[PDB]
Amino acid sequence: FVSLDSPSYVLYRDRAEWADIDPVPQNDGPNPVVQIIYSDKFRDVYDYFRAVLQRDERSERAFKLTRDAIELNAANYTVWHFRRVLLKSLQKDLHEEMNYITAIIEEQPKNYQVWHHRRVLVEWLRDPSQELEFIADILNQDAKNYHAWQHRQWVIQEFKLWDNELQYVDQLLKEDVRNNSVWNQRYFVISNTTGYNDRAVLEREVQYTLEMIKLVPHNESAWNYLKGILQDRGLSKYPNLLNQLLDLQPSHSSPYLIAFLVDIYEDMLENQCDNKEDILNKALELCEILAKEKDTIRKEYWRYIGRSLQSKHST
């Protein structure tokens, strides 16, 4: 009906349809702490919310009241819980509620309660038909919204909507190849569909990632993804990768490439590689270069790696 900012808005304490119930003031005690000096409108709505909650009034007026309580503080999870109790008790049209939560999330996309409420509605309706498009709109405004990506992964996994997600991932990587949330979604999609054990798939991914690295050498996300899809089997299991990186080193001696080389050497030494002494020496040299010049912010980490290597492979 009428919104909190509407010119005709009337305080609940002045509404005839609410005269039959007494408001319940919040009791902060005689000597309050972290006491918020609420506006008259805020206190009015919550004094009546406390009233309906205390009486557990499952009514249409109570339902409308929660809308105002939510506008005042969308992070009040108690109000949201009560609103859901009312949605069921009053048998409210859930599609209408979906339109409502859509608008609310657009306004407060980083709120935990609004996303959970939406998930509950989708679960109750078992209808994910609007999800991918809605989430895409939110991500169009903030491509890294954590809540949006989390909801997206849930919808895709729960309703098996994998078919077009890799295409979506490719689209967003074209827009911003530095978007780590998208690289994570890439792993999410592949690991849950084809998997990375298919050598044709792995080669495709390694080639793609290397191409992205060549285009933007200092983009950490691509480097992390490359390591991510190869680490479990062991970086030393891919001999050609070492050679390729060693060739780019002279022209692309970024801390990411140098660190990756150390990671390869670490794994090589862990798998009884040949020329152990030479590999250890090369690894220690790089750790020093990283600690003293190329990645000084991580001096302590690189010094640690150096000592670790010596504790494990000195012989």
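Sequential numbering from 1, following the sequence displayed.
The stretch with the higher mean CA B factor, choosing between 252-260 and 40-48, is 252-260.
Stretches 81-89 and 181-189 differ in mean CA B factor, with 81-89 having the higher one. Of all the options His218, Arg126, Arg152, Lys227, the entry's greatest CA B-factor is assigned to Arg126. Remark: of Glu205, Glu71, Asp142, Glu107, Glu107 shows the highest value [criterion: C-alpha B-factor in the PDB entry]. Sort the modelled residues of the chain by CA B factor and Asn197 lands in the highest third.
Among all modelled residues in its chain, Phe159 ranks in the highest third by Cα B-factor. Split the chain's modelled residues into thirds by C-alpha temperature factor. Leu53 is in the highest one. The deposited CA B-factor of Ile279 belongs to the middle third of values across its chain.
When all modelled residues of the chain are sorted by CA temperature factor, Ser308 is found within the lowest third.
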